[PDB]
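The next block holds one structure in the form of structure tokens; read it before the comments.
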Amino acid sequence: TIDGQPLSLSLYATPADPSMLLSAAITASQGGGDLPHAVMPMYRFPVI
Amino acid sequence: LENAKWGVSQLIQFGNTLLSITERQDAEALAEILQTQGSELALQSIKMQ
């Protein structure tokens with residue numbers, strides 16, 4: 001203008017959106033235990 | 001009778017344990033759903049600020 005001020009206004013672009021925070025419950029695997037060696041007792045079945 | 005009494009006392013122990021496990025299940029599921037929906041409200045409150 002006569003003072004040096006613009007006629008066509010400036011751009012005001014859209015800022016970045018707030019994101020959604022993400023996590024994860026990652027999982028592992030330990031196997032089952034190997035069954036041991038059986039030992040014959042000296043007592044009968046009700047006692048042992 | 002002593003043998004059956006043993007087995008049924010062990011069944012009572014198992015039923016009490018199962019009731020405790022299912023109520024702790026439901027408690028932990030409630031805590032998880034509260035945290036997810038609190039995260040949703042936090043995102044929406046930042047968009048309001």
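Following the order of the structure tokens, first chain is A, next is B, and so on, with residues numbered from 1 inside each chain and ligands from 1 in the order they appear.
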
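Interface residues of chain A facing chain B, defined by any atom at most 10 Å away and using only C-alpha atoms, are residues 17, 18, 19, 20 and 21 of chain A.
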
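Counting from atom CA of residue 12 of chain A, the distance to atom CA of residue 49 of chain B is 18.6 Å.
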
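Computed from the coordinates, the atom CA of residue 42 of chain A to atom CA of residue 3 of chain B distance equals 22.6 Å.
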